[PDB]
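Everything below concerns the one structure shown next.
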There are 6 protein chains.
Amino acid sequence: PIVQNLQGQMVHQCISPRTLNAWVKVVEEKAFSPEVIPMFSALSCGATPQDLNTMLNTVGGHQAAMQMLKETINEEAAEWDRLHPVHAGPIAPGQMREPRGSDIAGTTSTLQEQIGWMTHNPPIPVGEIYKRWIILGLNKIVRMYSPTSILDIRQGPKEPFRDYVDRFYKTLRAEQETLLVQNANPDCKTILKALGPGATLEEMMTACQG
Amino acid sequence: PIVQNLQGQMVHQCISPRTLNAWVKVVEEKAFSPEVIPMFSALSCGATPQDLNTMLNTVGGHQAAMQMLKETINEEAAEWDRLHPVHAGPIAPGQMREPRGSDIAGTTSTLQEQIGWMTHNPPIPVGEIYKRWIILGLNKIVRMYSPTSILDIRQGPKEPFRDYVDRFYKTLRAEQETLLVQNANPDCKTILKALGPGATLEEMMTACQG
Amino acid sequence: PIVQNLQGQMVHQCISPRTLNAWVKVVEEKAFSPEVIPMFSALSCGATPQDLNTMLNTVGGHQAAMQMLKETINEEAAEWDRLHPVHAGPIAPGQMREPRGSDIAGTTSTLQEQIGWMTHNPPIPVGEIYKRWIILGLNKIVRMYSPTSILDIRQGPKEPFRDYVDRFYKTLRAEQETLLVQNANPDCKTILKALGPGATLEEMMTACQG
Amino acid sequence: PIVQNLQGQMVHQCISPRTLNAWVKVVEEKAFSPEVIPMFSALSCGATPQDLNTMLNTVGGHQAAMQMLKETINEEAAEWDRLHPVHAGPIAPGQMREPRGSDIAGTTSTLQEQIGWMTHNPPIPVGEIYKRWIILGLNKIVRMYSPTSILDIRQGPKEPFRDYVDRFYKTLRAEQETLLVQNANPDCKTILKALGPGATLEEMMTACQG
Amino acid sequence: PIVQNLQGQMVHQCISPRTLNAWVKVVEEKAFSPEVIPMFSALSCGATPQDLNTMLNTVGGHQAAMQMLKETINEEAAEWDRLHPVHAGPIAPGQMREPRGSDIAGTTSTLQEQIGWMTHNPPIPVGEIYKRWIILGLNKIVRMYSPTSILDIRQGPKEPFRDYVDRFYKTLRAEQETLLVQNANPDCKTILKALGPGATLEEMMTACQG
Amino acid sequence: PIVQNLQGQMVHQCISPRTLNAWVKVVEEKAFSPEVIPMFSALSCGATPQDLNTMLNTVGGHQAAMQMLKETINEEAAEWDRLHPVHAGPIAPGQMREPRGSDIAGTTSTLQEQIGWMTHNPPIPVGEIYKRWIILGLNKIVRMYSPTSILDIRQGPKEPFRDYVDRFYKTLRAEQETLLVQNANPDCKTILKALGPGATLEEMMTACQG
Ligand SMILES: Cn1nc(NS(C)(=O)=O)c2c(Cl)ccc(-n3c([C@H](Cc4cc(F)cc(F)c4)NC(=O)Cn4[nH]c(C(F)F)c5cccc4-5)nc4ccccc4c3=O)c21
Ligand SMILES: Cn1nc(NS(C)(=O)=O)c2c(Cl)ccc(-n3c([C@H](Cc4cc(F)cc(F)c4)NC(=O)Cn4[nH]c(C(F)F)c5cccc4-5)nc4ccccc4c3=O)c21
Ligand SMILES: Cn1nc(NS(C)(=O)=O)c2c(Cl)ccc(-n3c([C@H](Cc4cc(F)cc(F)c4)NC(=O)Cn4[nH]c(C(F)F)c5cccc4-5)nc4ccccc4c3=O)c21
Ligand SMILES: Cn1nc(NS(C)(=O)=O)c2c(Cl)ccc(-n3c([C@H](Cc4cc(F)cc(F)c4)NC(=O)Cn4[nH]c(C(F)F)c5cccc4-5)nc4ccccc4c3=O)c21
Ligand SMILES: Cn1nc(NS(C)(=O)=O)c2c(Cl)ccc(-n3c([C@H](Cc4cc(F)cc(F)c4)NC(=O)Cn4[nH]c(C(F)F)c5cccc4-5)nc4ccccc4c3=O)c21
Ligand SMILES: Cn1nc(NS(C)(=O)=O)c2c(Cl)ccc(-n3c([C@H](Cc4cc(F)cc(F)c4)NC(=O)Cn4[nH]c(C(F)F)c5cccc4-5)nc4ccccc4c3=O)c21
Ligand SMILES: [Cl-]
Ligand SMILES: [Cl-]
Ligand SMILES: [Cl-]
Ligand SMILES: [Cl-]
Ligand SMILES: [Cl-]
Ligand SMILES: [Cl-]
Ligand SMILES: [Cl-]
Ligand SMILES: [Cl-]
Ligand SMILES: [Cl-]
Ligand SMILES: [Cl-]
Ligand SMILES: [Cl-]
Ligand SMILES: [Cl-]
Ligand SMILES: [Cl-]
Ligand SMILES: [Cl-]
Ligand SMILES: [Cl-]
Ligand SMILES: [Cl-]
Ligand SMILES: [Cl-]
Ligand SMILES: [Cl-]
Ligand SMILES: [Cl-]
Ligand SMILES: [Cl-]
Ligand SMILES: [Cl-]
Ligand SMILES: [Cl-]
Ligand SMILES: [Cl-]
Ligand SMILES: [Cl-]
Ligand SMILES: [Cl-]
Ligand SMILES: [Cl-]
Ligand SMILES: [Cl-]
Ligand SMILES: [Cl-]
Ligand SMILES: [Cl-]
Ligand SMILES: [Cl-]
Ligand SMILES: [Cl-]
Ligand SMILES: [Cl-]
Ligand SMILES: [Cl-]
Ligand SMILES: [Cl-]
Ligand SMILES: [Cl-]
Ligand SMILES: [Cl-]
Ligand SMILES: [Cl-]
Ligand SMILES: [Cl-]
Ligand SMILES: [Cl-]
Ligand SMILES: [Cl-]
Ligand SMILES: [Cl-]
Ligand SMILES: [Cl-]
C-alpha cells in the first residue's frame, strides 16, 4: 500500500504477510457473509490496484464469484472510460498520464504509475476508485448468495425475541421495520401492537423479553 | 487511527490486521460481557469514525445489538445537531467545516475530513465523540443482556464466600454493599454482623474464609 | 503508554493488542499466582493511569479480587491527598495542575492531563505512582489467596529433596531458612544437621540429593 | 528485500521470519494451485535475487517442479544474454557492471551487486526480472500439474449451477465462455439457451439458480 | 532494554510481550536443559537489571533453582563490593554514583540509574555484569540438575553410533574425547582402535556408520 | 544482527524472539534436511558471530552434528590463521585489530569488536565469513545424514513418473541426468529413449505422464 512514513511524503511499502493471510483466512472461514466486505475494505487500507488484485488472486475457490467480480470491474471500468476519455499528447515532465479503466483495475498500469497517480498532488486515487468497484461487485455477490429472504424470517412460537431479531437483521443485512412486528409470534405481536407505532428496538425487545 | 509519528505531527495510519482480528475475536468469545467494553475502547485507541464503523461492521451476528447500537448513535447524533447547529457559509482556506451528527458517526464525512477535524488545532475529536456514543450504546447492550439480577445472587449454604463475592460483583458489574451481607448464607452472615458496619471487603472475606 | 520516539521526546502511543491479550491471558491461565505480579508490572511498562485501568477492566471474573483492588487504590489515593493537598489558584500557561488521588487513579483525570504530568519536566509519574498502588493491592490478593501455609510444607518420607524445596519456596513466595531444615524428612534432616548451620541451598540440596 | 526507509533512499533489509514461514506454509498446504503464484509474487515484494533463491530453496519436496523451475530460469537467462551481451571494459567509479543471466538469477552475483543494480539511478531491477522468470516457470508448473481438462468439467444432473461454475473457472484458472453453457446439465442448458447469447455470468447463474 | 534508535543515542524501551512470553515458555517446555542458557542470554539482549529480574520473576515454579540463583547473585554482588568499594562524596552534575552489588542486581537501584550507568560514556554495563552473574548461577543449576554422568553413557550392542554420540555430547554439555571410544560397543570400538588416535568425529562416525 | 537504520549507518540490534524461535523450530521439525540450510542462511541475515553462536547453541539435541560443526569451524579458523597471520603492534585510534580464526567464530572476540569489524569502512565481514564456515559444516552434516544413495532411487512399475522424479532430485539434493532415465521403469524408459538425448525435464515428465 501507499503509506506516510516519518516525513510527510506518501511512500509505497510491500503488502504484509499478516495482511495477505488475514484476507485469505476470512474468505476461507466466512465466504461471502456481509461482514467480509468491511474486513476487505479495512485490510486493503491504502492499497494500490496491484495490492487489490493480489488479495483477489490469492483467493482459491469461489471462482464463480470471482469471475462475476471481473465482470463487474469490467462494467465499471468501461463506464469510467465513457466519462473520462484519455486525451492524446506527450506527457509533461514530472507528471502522469490519464488513467484508463484497465489502468485503475491494475491491468494495463505498472506499479510506479499507480504510485505516481496516488502520490500525485492533487492525487488520482486509483486505489480507492478500484476498491469502490470491487466492493460494488462484492456486494452483488453477497445479495446473490444470500440464502433466505426477509419475508421468511418469522419468530417461532417458543423462540426468544432476541434470537428472532438476531436472525431478522442478519438476513436483512445480507439482502441489503414494520415487518419485524408482523413476523413476530402471536404472543409477542400482541405485546408490540399495544406498545405503539414509534417504539425503538430496545423498547420492543424489552417488551417481548421473556 | 490517528497517531503521532517520529515528528510531532498527528498522522493517519491504517487499522492493523491484529487490531481487526482482536476485536472480532473478543466479540466471538465473550459476546457482550462487561469486560468487552474496555477491550473495545482500548482496541479503538485513536480511532477515526471510519475505524469505529469498521470494527462494528466486521462483527457478524448479534445484529439485534448492533441495530440497537445504530439507534443509540442516531439519538446521540441528533442531540449533537440540536446543540451544534451548522452555520452556513464558505469554509476559509486551510480550515474545516463544522461536523454534523452523521459526520461524527462517519456516515456523511470522508476520511480526510475526519483527519482534518482530529488533526486540527484546536482538534475536533470526532473519534472520541463517536466512541463515547458507541460505548454509551454498548453499555445499554450489556445491562440489557445481563441475565441475572443482583437480588438473586445469594450465597449457598456450602458455597465458599470467595466464590459468592465473585458472582456478586460480576453480576453487579453487568447490571451497573449492604446487600452483600444480606445475601450471604446464615453462617457467614452471623460472622459479618458481629464484624462491624464499616468493614472492608478483605476484612469481610477474611472473616468468612473457611 | 508514554514512550520515547526517534527524537528525545516522550510521546503517548496506544496500548497494543499484543499487550492487551497478554495480560488477559496470564490472568486466565494463572489467576493470582505470585509470578502474575511481575508480568503485570512488565506488561504495563510506561503505562498511563488510563492503560492501567484498561488492563484491570479487561479482566473478566475474579471480581472479588478486583473489588478489593478498588478498595486498596482508594486507601492509597486518600493517603496521597492527605500528604499532597491541592492548592487552589489559576494554573500558569504551559503547566499542569497538581494531581489528586483520583487523578493518579485515572478517575478524574483526562488522558492529556496524564500525558502532561508524565511528560512534564520535572515529570509527575502518575503512572508509576498508580502502578505502585495496584501492585500493592495485587500483593494483598496473592497473600490472601495463598492456600497453604509455610508451616504445612513438609518433605515426604520418599519425596525427593528437590521437589520439597520446590514446594517450600513456591509457598514461601505466595505467603511473602531454618524452617526448611525442620520440615525435611528424618533421613534428610539427619544429613542437614551434620552439614553445618551456615550451609547454602545448593550445599543442602546436594547433601540430600538421592 | 530493497525497501525505502524514513528517507528517500532504497535500502536493503533482511527477509523476515514471517515472510520465510508464510512462503513455506503456502507451498506445504496448497502445493501448486493457481492461487500460490500471486502469494509468491506478494511475499517476494521488492525481493532481491538472493531472497528469491532463498524462498525457492526453503521449499522441501516438490523437487521435480523445482528442477523444472531451474530449467526455465536457465532458458530465460540464456535469452537475456542473447539480447544483452556484456561489453568488456573497466567499470567507472560509482557504477555497476552489466548483469548477465546468471547475475539476475543470483548465481554469479553478490548481494551488494544486486543492491547496486536495484538501487541504481536508473535502476536495473534484477529482482523483478528474476521474479518474472520464476513466475513464468511456476505457471508452467501449474498448467502441467492441472489434473482436469476444461472439456471434462460438466454439470451434474442434480448439481447446483453455482457449484458447477465454481469447478469450471477453478479448472479454467489452472489450465490458463460458450463452453460453460454447453457443459451445463439439460435443465439448465434449456434455460440458458432461451436467455440470450450475451448474458452475463450473474444473469446466467440467476437463471439456473434453483 | 537499552537500544539505539534512529539517532546514535542509546535509549530505554519497554520489554516486549513477545520477549516476556518467549522466556516463560522456554522454561516451561525445557526447564534447565543446557540450551535454555543461550536462549536466556539472547532474549535478554541489552536488558537492564530491571528486565533481568522481570524475566526471573515471571518464572513460576522451579523456585529451588531460583532461590539458588539468588544465592549465587548475592555471592557475586558481595565480591563486586569487595573489589569496588563505593567512595563517599557528592555526585557531580550530569554524572552517576558508583554502583554497589545490589545496584547491579537491580535491588537498590532505580530504572533511571540503570539507564544512567548503561548509557553513560564510558558506560557502566550493569546489565551485562548482572547477566554474567545470572548465567553463572544458571550454569550451576544445569550441572546440578544433570541426571546422568558421562561415565554411564555407553553405546548399546545394537545402538547406532550416531544415536550414541547424540547422547554422549548431550550429557557432556550438561555436565560441562577418548572416553567416546572407550564407551562404544565392542564392534564399533574395534573399528575405532584401528582408525587412529587422531581421527575426527566425522571420521569416527563414518567408520562405525552401519 | 547489524542493520541499517533510518540513517545510512550500520547499527547493531538484538536478535528477535521470532528469529530465535524460527530457527529452533525448523531444526526440531526438519532436522538436517537440505532445505534447513537456506532457512538458516536467511534467518541469520546480517548476523554477528555472537548471533550465529546463539542460534547454534539454542539447538537442543543433535549434539553429534553440532560437535562435528565445531570441528569444521576449528578447521576453517585454523586455515584463516594460516592465510592471515596477525601482525603485532599497537592499534591506531578509531581502528580495529586484525581478527583471528577464533575471533571470527566469536570465541575470543567481544560484541563491540564484531560490531567494529562489520561496521568498519572497509568492513571486515566476520559474520559472513563465520556463516560461510557454518554452512560449509552444515552441508557436511546433510550429505552425511543422507540416508539413500542416488543409485537406489528407482521408479516403481506402477509409480507415477512425477513421484519418482520427486524422490530422485530430493535424494540428489541431499547427496549434493542420464541416471534419471536409467532408473525409470521399463515402460517409461522406452518412452524416454525414443524421445531424444537432449529432452528437458518437462518434456520427459510430459512423455511419461500417465
Ligand atoms: C487478468 N484480468 N482479467 C480481467 N478481466 S478480463 C480481460 O475479462 O478477463 C481483469 C480485471 Cl477486470 C481486473 C484485474 C485483472 N488482473 C488480475 C485479476 C484480479 C482479479 C479480479 C477479480 F475481479 C477477481 C479475481 F479473482 C481476481 N486476476 C484474475 O483474474 C485471476 N483469474 N484468471 C482467471 C481465468 F484463468 F479464468 C480467472 C477466473 C476468475 C478469477 C481469474 N490479476 C493480475 C496479476 C498481475 C498483473 C495484472 C493483473 C490483472 O490485471 C484482470
Ligand atoms: C450505514 N449506517 N446507517 C446508520 N443509521 S440508519 C440511517 O438508521 O440506518 C449508521 C450509523 Cl447511526 C452510524 C454509522 C453507519 N455506517 C456504517 C454502520 C456502522 C455500524 C453502526 C452500528 F451502530 C452498529 C453496526 F453494526 C455498524 N454499518 C452498518 O450499519 C451495517 N448494517 N447494515 C444493516 C442493514 F442492512 F440492516 C445493519 C443492521 C445492524 C448493523 C447493520 N458502516 C459504514 C461503512 C462505510 C461508510 C460509512 C458507513 C456508515 O456510515 C450507519
Ligand atoms: C470506576 N472506578 N471506581 C473506583 N472506585 S469507587 C468510586 O469506590 O467505586 C475506581 C478506582 Cl479506585 C480506580 C479506577 C477506576 N476506574 C476504572 C476501574 C479500574 C479498576 C480498578 C480496580 F482496582 C479493579 C478493577 F477491576 C478495575 N474499573 C472498574 O472499577 C470496573 N468495575 N465496576 C464495578 C461495579 F460495577 F461493581 C466493579 C467491581 C470490581 C471492578 C468493577 N475504569 C475506568 C474506565 C474509564 C475511565 C475511568 C475509569 C476509572 O476511573 C474506578
Ligand atoms: C544453484 N543453482 N543452479 C542453477 N542452475 S544449474 C547450473 O543448471 O544447476 C540455478 C539457477 Cl538457474 C538459479 C539459481 C540458483 N541458485 C540457487 C537455487 C535456487 C532455485 C532455483 C530454482 F529454479 C528452483 C529451486 F528449488 C531453487 N537453489 C537450488 O537449485 C537447490 N537445488 N540443488 C539441487 C541439486 F542438488 F540437485 C536441486 C534440484 C532442484 C532444486 C535444487 N540457490 C543459491 C544459494 C546461494 C547462492 C546462490 C544460489 C543460486 O545461484 C541455481
Ligand atoms: C528481591 N530480591 N532478594 C534478593 N536476595 S535476598 C536479600 O537474599 O533475598 C534479590 C537478588 Cl540477589 C536479586 C534481585 C532481587 N530482586 C527481585 C528478584 C529477582 C530474582 C532473582 C533470582 F536470583 C531468582 C529469581 F527467581 C528472581 N525476585 C525474587 O527474588 C522473587 N522471590 N521472592 C522470594 C521469597 F518470597 F521467597 C523468592 C524465592 C525464589 C525467588 C523469590 N525482584 C525485584 C522486583 C522489583 C524490584 C526489585 C527486585 C529485586 O531486587 C532480589
Ligand atoms: C565454546 N566453543 N568451543 C569451540 N570449539 S572447541 C575449543 O574445540 O571446543 C567453539 C567454536 Cl569452534 C565456535 C564457537 C564456540 N562458542 C559457542 C559454541 C557455538 C557452537 C558452535 C558449533 F559448531 C556448534 C554448536 F552447537 C555451537 N557453543 C558450544 O559449543 C556449545 N557446546 N558445548 C559443548 C561441550 F559441553 F561438549 C558442546 C558439544 C556440541 C555443542 C557444544 N558458544 C559461545 C557462547 C558465548 C560466548 C562464546 C561462545 C563460543 O565461542 C566454541
Ligand atoms: Cl507481517
Ligand atoms: Cl477460499
Ligand atoms: Cl482456484
Ligand atoms: Cl480523479
Ligand atoms: Cl429475549
Ligand atoms: Cl434463519
Ligand atoms: Cl433482550
Ligand atoms: Cl499487524
Ligand atoms: Cl460474533
Ligand atoms: Cl451478519
Ligand atoms: Cl468539539
Ligand atoms: Cl472463601
Ligand atoms: Cl450466578
Ligand atoms: Cl479468601
Ligand atoms: Cl500488536
Ligand atoms: Cl479471568
Ligand atoms: Cl465480569
Ligand atoms: Cl511527584
Ligand atoms: Cl533431589
Ligand atoms: Cl504443596
Ligand atoms: Cl538436586
Ligand atoms: Cl518477523
Ligand atoms: Cl513442501
Ligand atoms: Cl528436499
Ligand atoms: Cl534493465
Ligand atoms: Cl445454484
Ligand atoms: Cl472437478
Ligand atoms: Cl447463485
Ligand atoms: Cl510484542
Ligand atoms: Cl515453569
Ligand atoms: Cl511460584
Ligand atoms: Cl565497569
Ligand atoms: Cl549410525
Ligand atoms: Cl542417556
Ligand atoms: Cl552417521
Ligand atoms: Cl519479535
Ligand atoms: Cl532439536
Ligand atoms: Cl543438549
Ligand atoms: Cl576481510
Ligand atoms: Cl506422472
Ligand atoms: Cl526414496
Ligand atoms: Cl506431470
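Naming scheme: A, B, ... for chains in displayed order of the C-alpha cells; residues 1 onward per chain; ligands 1 onward as shown.
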
Distance filter 7 Å around ligand 27, atoms: only C-alpha atoms and all ligand atoms, out as a ChimeraX atom specification: /C:162,205-206,209 /E:144-145

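For ligand 47, the protein and nucleic acid residues at most 8 Å away, judged by only C-alpha atoms and all ligand atoms, amount to residues 148, 153, 167, 168 and 171 of chain F.
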
Generate a file of the selected residues that holds N, CA, C and O atoms, formatted as a PDB file, in the first residue's frame.
ATOM      1  N   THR F 148      19.706 -42.272   1.721  1.00  0.00           N
ATOM      2  CA  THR F 148      19.611 -43.022   0.478  1.00  0.00           C
ATOM      3  C   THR F 148      20.594 -42.485  -0.553  1.00  0.00           C
ATOM      4  O   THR F 148      20.774 -41.270  -0.683  1.00  0.00           O
ATOM      5  N   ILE F 153      17.536 -44.960  -6.064  1.00  0.00           N
ATOM      6  CA  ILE F 153      16.264 -44.307  -6.356  1.00  0.00           C
ATOM      7  C   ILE F 153      15.817 -44.790  -7.732  1.00  0.00           C
ATOM      8  O   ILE F 153      16.287 -44.304  -8.762  1.00  0.00           O
ATOM      9  N   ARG F 167      11.266 -38.021  -5.803  1.00  0.00           N
ATOM     10  CA  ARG F 167      12.208 -38.723  -4.938  1.00  0.00           C
ATOM     11  C   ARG F 167      13.632 -38.639  -5.472  1.00  0.00           C
ATOM     12  O   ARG F 167      14.588 -38.648  -4.687  1.00  0.00           O
ATOM     13  N   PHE F 168      13.791 -38.552  -6.794  1.00  0.00           N
ATOM     14  CA  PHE F 168      15.124 -38.551  -7.390  1.00  0.00           C
ATOM     15  C   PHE F 168      15.890 -37.284  -7.029  1.00  0.00           C
ATOM     16  O   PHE F 168      17.004 -37.351  -6.495  1.00  0.00           O
ATOM     17  N   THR F 171      16.576 -36.802  -3.240  1.00  0.00           N
ATOM     18  CA  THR F 171      17.768 -37.544  -2.844  1.00  0.00           C
ATOM     19  C   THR F 171      19.026 -36.904  -3.420  1.00  0.00           C
ATOM     20  O   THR F 171      20.048 -36.799  -2.731  1.00  0.00           O
TER      21      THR F 171
END

For residue 116 in chain F: contacts at 12 Å, only C-alpha atoms, fewer than 5 positions along chain excluded, given as a ChimeraX atom specification: /F:2,10-12,48,94-99,109-111,121-127

Env. residues ligand 29 / 6 Å / only C-alpha atoms and all ligand atoms / as a PyMOL selection string: chain D and resi 27-28+59-61

Protein and nucleic residues near ligand 6, 6 Å, only C-alpha atoms and all ligand atoms, as number ranges by chain: E: 169, 172-173, 176; F: 53, 56-57, 63, 66-67, 69-70, 73-74, 105-107

Selection near residue 13 in chain A, 12 Å with only C-alpha atoms, sequence-local residues under 6 positions removed, as a ChimeraX atom specification: /A:1-5,46-48,50-51,111-112,115 /D:1-6,10,42,45-46

Saved selection, atoms kept: C-alpha atoms, as a PDB file, in the first residue's frame:
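part_26.pdb written:
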ATOM      1  CA  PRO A   1       0.000   0.000   0.000  1.00  0.00           C
ATOM      2  CA  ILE A   2       0.837   3.722  -0.097  1.00  0.00           C
ATOM      3  CA  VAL A   3       1.584   4.992   3.414  1.00  0.00           C
ATOM      4  CA  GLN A   4       3.088   8.094   5.003  1.00  0.00           C
ATOM      5  CA  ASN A   5       6.466   7.493   6.641  1.00  0.00           C
ATOM      6  CA  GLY A  46      -4.318   2.464   1.279  1.00  0.00           C
ATOM      7  CA  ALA A  47      -3.942  -0.392  -1.194  1.00  0.00           C
ATOM      8  CA  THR A  48      -2.742   0.139  -4.748  1.00  0.00           C
ATOM      9  CA  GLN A  50      -1.780  -4.132  -7.566  1.00  0.00           C
ATOM     10  CA  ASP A  51      -2.455  -4.987  -3.916  1.00  0.00           C
ATOM     11  CA  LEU A 111       3.231  -0.201 -10.064  1.00  0.00           C
ATOM     12  CA  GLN A 112       5.148   3.077 -10.345  1.00  0.00           C
ATOM     13  CA  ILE A 115       2.359   5.148  -7.194  1.00  0.00           C
TER      14      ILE A 115
ATOM     15  CA  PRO D   1      14.307  -7.056   0.072  1.00  0.00           C
ATOM     16  CA  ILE D   2      15.077  -3.489  -1.043  1.00  0.00           C
ATOM     17  CA  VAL D   3      12.773  -1.031   0.732  1.00  0.00           C
ATOM     18  CA  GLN D   4      12.557   2.723   1.248  1.00  0.00           C
ATOM     19  CA  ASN D   5      13.225   3.820   4.827  1.00  0.00           C
ATOM     20  CA  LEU D   6      12.368   7.101   6.546  1.00  0.00           C
ATOM     21  CA  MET D  10      16.143   2.466  -1.240  1.00  0.00           C
ATOM     22  CA  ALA D  42       3.282 -10.722  -2.981  1.00  0.00           C
ATOM     23  CA  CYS D  45       7.661  -7.866  -2.855  1.00  0.00           C
ATOM     24  CA  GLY D  46      10.839  -5.912  -3.536  1.00  0.00           C
TER      25      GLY D  46
END

Helix (DSSP H, G or I) residues, from DSSP on the backbone, in chain F, as an MDAnalysis selection string: chainID F and resid 17:30 36:43 49:57 63:83 101:104 111:118 126:145 150:152 161:175 178:182 186:193 201:207

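With atom 1 (Cl, counted along the ligand's line) of ligand 23 on one side and CA of residue 29 in chain C on the other, the separation reads 16.1 Å.
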
Contacts of residue 30 in chain E within 12 Å, only C-alpha atoms, excl. fewer than 6 positions in-chain, as a ChimeraX atom specification: /E:22-24,36-37,39-40,62,142 /F:58-61

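Relative to CA of residue 174 in chain F, CA of residue 185 in chain E is found at 29.2 Å.
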
Residue contacts of residue 188 in chain B (10 Å, only C-alpha atoms) excluding same-chain residues fewer than 5 positions away, as a ChimeraX atom specification: /B:155,157,160-161,181-183,193,204-205,207-210

Written selection (N, CA, C and O atoms) as a compact mmCIF listing (two decimals), in the first residue's frame:
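Saved result, selection26.txt, follows:
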# COMPACT_ATOMS: atom_id res chain seq x y z
N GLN B 155 -25.53 -16.42 48.51
CA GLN B 155 -24.51 -17.41 48.84
C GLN B 155 -25.17 -18.73 49.23
O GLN B 155 -26.11 -18.76 50.03
N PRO B 157 -25.47 -22.54 50.96
CA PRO B 157 -25.15 -22.99 52.33
C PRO B 157 -23.73 -23.51 52.46
O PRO B 157 -23.11 -23.34 53.52
N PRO B 160 -18.29 -21.41 49.11
CA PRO B 160 -17.25 -20.55 49.71
C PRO B 160 -17.56 -19.08 49.49
O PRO B 160 -18.07 -18.69 48.44
N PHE B 161 -17.26 -18.27 50.50
CA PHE B 161 -17.58 -16.85 50.44
C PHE B 161 -16.87 -16.16 49.28
O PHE B 161 -17.41 -15.22 48.69
N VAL B 181 -23.93 -8.44 52.42
CA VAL B 181 -24.08 -9.08 53.72
C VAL B 181 -25.43 -9.79 53.82
O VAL B 181 -25.52 -10.91 54.33
N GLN B 182 -26.49 -9.15 53.32
CA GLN B 182 -27.82 -9.72 53.43
C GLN B 182 -27.98 -10.99 52.60
O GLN B 182 -28.71 -11.90 52.99
N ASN B 183 -27.30 -11.07 51.46
CA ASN B 183 -27.41 -12.23 50.58
C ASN B 183 -26.41 -13.33 50.91
O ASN B 183 -26.33 -14.32 50.18
N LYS B 193 -22.21 -9.76 60.72
CA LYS B 193 -22.94 -8.82 61.57
C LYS B 193 -22.11 -8.41 62.78
O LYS B 193 -22.07 -7.23 63.14
N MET B 204 -14.09 -8.58 55.39
CA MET B 204 -15.26 -9.46 55.38
C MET B 204 -14.92 -10.83 54.80
O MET B 204 -15.33 -11.86 55.35
N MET B 205 -14.18 -10.86 53.69
CA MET B 205 -13.81 -12.14 53.09
C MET B 205 -12.89 -12.94 53.99
O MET B 205 -12.96 -14.18 54.00
N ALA B 207 -13.02 -12.88 57.29
CA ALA B 207 -13.83 -13.37 58.41
C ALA B 207 -14.65 -14.59 58.03
O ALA B 207 -14.85 -15.48 58.86
N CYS B 208 -15.15 -14.64 56.79
CA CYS B 208 -15.91 -15.79 56.31
C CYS B 208 -15.06 -16.78 55.54
O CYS B 208 -15.60 -17.69 54.91
N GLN B 209 -13.74 -16.62 55.58
CA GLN B 209 -12.83 -17.53 54.89
C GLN B 209 -12.79 -18.86 55.63
O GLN B 209 -12.30 -18.94 56.76
N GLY B 210 -13.33 -19.90 55.01
CA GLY B 210 -13.39 -21.21 55.63
C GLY B 210 -12.55 -22.26 54.92
O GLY B 210 -12.37 -23.37 55.42

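One finds CA of residue 20 in chain B at 21.8 Å from atom 5 (N, counted along the ligand's line) of ligand 2.
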
Residue 203 in chain E surroundings by only C-alpha atoms, 12 Å radius, close-in-sequence under 5 positions cut, as an NGL selection string: (:E and (191-192 or 195-198 or 208-209)) or (:F and (68 or 71-72 or 140 or 144))

Just N, CA and C atoms for this one: save the residues we selected as an mmCIF file, in the first residue's frame.
data_model
loop_
_atom_site.group_PDB
_atom_site.id
_atom_site.type_symbol
_atom_site.label_atom_id
_atom_site.label_comp_id
_atom_site.auth_asym_id
_atom_site.auth_seq_id
_atom_site.Cartn_x
_atom_site.Cartn_y
_atom_site.Cartn_z
ATOM 1 N N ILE E 191 36.576 -51.049 15.404
ATOM 2 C CA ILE E 191 36.764 -50.224 14.216
ATOM 3 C C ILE E 191 37.501 -48.937 14.567
ATOM 4 N N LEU E 192 37.187 -48.348 15.725
ATOM 5 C CA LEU E 192 37.785 -47.067 16.087
ATOM 6 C C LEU E 192 39.244 -47.211 16.502
ATOM 7 N N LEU E 195 41.410 -47.210 13.568
ATOM 8 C CA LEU E 195 41.253 -45.999 12.772
ATOM 9 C C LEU E 195 42.351 -44.976 13.027
ATOM 10 N N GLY E 196 42.901 -44.936 14.237
ATOM 11 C CA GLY E 196 43.940 -43.991 14.567
ATOM 12 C C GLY E 196 43.566 -43.111 15.742
ATOM 13 N N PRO E 197 44.573 -42.618 16.471
ATOM 14 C CA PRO E 197 44.284 -41.786 17.648
ATOM 15 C C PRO E 197 43.860 -40.366 17.318
ATOM 16 N N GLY E 198 44.130 -39.879 16.110
ATOM 17 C CA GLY E 198 43.802 -38.510 15.763
ATOM 18 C C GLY E 198 42.661 -38.378 14.776
ATOM 19 N N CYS E 208 31.993 -46.196 11.974
ATOM 20 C CA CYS E 208 31.016 -47.015 12.676
ATOM 21 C C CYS E 208 29.608 -46.847 12.122
ATOM 22 N N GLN E 209 29.466 -46.184 10.978
ATOM 23 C CA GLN E 209 28.164 -45.989 10.352
ATOM 24 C C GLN E 209 27.686 -47.312 9.767
ATOM 25 N N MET F 68 30.380 -32.070 15.393
ATOM 26 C CA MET F 68 31.039 -32.060 14.091
ATOM 27 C C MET F 68 31.103 -30.653 13.516
ATOM 28 N N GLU F 71 34.112 -28.981 14.941
ATOM 29 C CA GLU F 71 35.344 -29.439 14.309
ATOM 30 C C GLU F 71 35.558 -28.762 12.962
ATOM 31 N N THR F 72 34.490 -28.599 12.178
ATOM 32 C CA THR F 72 34.622 -27.918 10.895
ATOM 33 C C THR F 72 34.996 -26.454 11.086
ATOM 34 N N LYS F 140 28.219 -30.602 5.274
ATOM 35 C CA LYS F 140 28.818 -31.893 5.592
ATOM 36 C C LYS F 140 27.878 -32.745 6.433
ATOM 37 N N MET F 144 26.153 -36.308 5.050
ATOM 38 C CA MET F 144 26.465 -37.435 5.922
ATOM 39 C C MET F 144 25.198 -38.119 6.418
#

Residue nearest chain F - candidates D:132, D:170, D:82, D:143, atoms counted: only C-alpha atoms: D:143
